[PDB]
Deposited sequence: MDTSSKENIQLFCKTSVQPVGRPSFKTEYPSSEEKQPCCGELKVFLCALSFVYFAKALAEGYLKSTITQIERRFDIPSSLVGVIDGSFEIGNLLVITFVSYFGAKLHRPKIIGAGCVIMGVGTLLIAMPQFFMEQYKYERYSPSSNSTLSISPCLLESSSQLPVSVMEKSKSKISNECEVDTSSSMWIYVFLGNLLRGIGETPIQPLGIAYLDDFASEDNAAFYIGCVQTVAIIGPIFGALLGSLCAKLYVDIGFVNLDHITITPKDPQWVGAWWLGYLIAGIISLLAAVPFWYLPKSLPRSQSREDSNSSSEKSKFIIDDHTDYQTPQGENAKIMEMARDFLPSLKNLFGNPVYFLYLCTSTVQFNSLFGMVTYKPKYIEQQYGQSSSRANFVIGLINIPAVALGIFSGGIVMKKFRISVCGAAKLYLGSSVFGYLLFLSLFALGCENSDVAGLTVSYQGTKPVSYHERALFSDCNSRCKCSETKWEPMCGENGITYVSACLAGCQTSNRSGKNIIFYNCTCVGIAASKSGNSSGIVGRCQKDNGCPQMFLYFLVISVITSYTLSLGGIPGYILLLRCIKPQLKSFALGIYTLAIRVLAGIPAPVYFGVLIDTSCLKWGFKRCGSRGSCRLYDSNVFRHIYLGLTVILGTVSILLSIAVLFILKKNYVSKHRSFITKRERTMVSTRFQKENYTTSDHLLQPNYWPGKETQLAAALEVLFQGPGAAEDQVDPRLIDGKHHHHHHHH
């Protein structure tokens, strides 16, 4: 009765939190077309969240275990809603839009408060759900909660896409005078409406926790016992080894997921939409289904702790074994003159021989920086039409065709990177299928992980363990994994882009072989380390 009510309230809170994070991610990304934002501002916006969450996660998890957990969760939800509403404050204060000073403080404070209020949700909520539920149903409840958490960001991104379709000043200025269209690239959307909706939903999600009981059928002592509790948690070998296992596995998973869309873009030549669509709307449902399936399997067969560890190890092994198969599914580099091939059509050229300037385009004073893709009738892609030796351009229908191009004749061409011919879409189909299966298999061992985490510690330290677990994920896996993955990937960049100010943008073209090698190898190595640690965990469990 009351347990189901708490489960529903926690699921709604998880949905609201994930919707807020997904909307933030979608809006920041989609605002790029009009407002050229420095890479520092987006980084600081994300990092204020991290500081706010990490500074209080441990204290809330520990000092809130014996307090009124539902009321602390409700207060955290209220703080999250207040921060989300504060994020949208600058809209009401800035002047009407017409087509970094004293205005981003609102955004930073709103994100800081949101990160602070996010902390009591997972540790205290999961501990409360586990304490008063039967041993069989705890896994199922945690599985449902984590499935909702995984699903949420899809709804957040959908809300972001819906809001970006509306004009920024809707309600403030009559839309009849507005003559601009979203296709016109001076358009900016109503980013504040989604933040207001997310804040309202987060505030409404805190209502049920005021009526939930403290338990189902002082601070000085906590301060004194904090250190012995930490020693007991780290004195437990199962907990420490599973913490290391999860840290390494999430180091692998965050790196794989973060740069998966870019890997698809560069390896298989797919468009920007084609990759984000198959990642957000295909792999995330697979992850959610894997989590739910793991929870259902744990509940139905009454799998014990040893069985949970065995399932974790098996899921990890059978996921990374399938991920190893992605090495075979690789397309070769597209024929690009001056970077991968020379203007004479020679097969791969070394580093020292990069001949962006050639004899055929010698009469052409071209700029090195711009990247406008085009390929001629010979099937060789060129950096831009200027370096192709083209003299005249004709606009036919929706396309532009360049004539009298000297380099290709060594003479017509089309704009954009024309497709890879030697069966690359066929390989892309198998890559997509194997990636979906790998994501499902790897996410299958998610709830057995939590069961292993909760069934091998003394109960009065469940909350203070879970928070540490979360603190372990963000400090060691959530934050670092994108950084060095991106660095090692960018070591394989052949041509860099630039922004309107001069700082280098995202790399426009990578070497397919080195990119695939690094991206798959790092993930597989981290997965192998995680598998070894899981084997150690299973052996220690069998010993005890």
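- According to the record, C-alpha coordinates are lacking for deposited residues 1 to 39, 139 to 182, 301 to 333, 527 to 533, 668 to 746.
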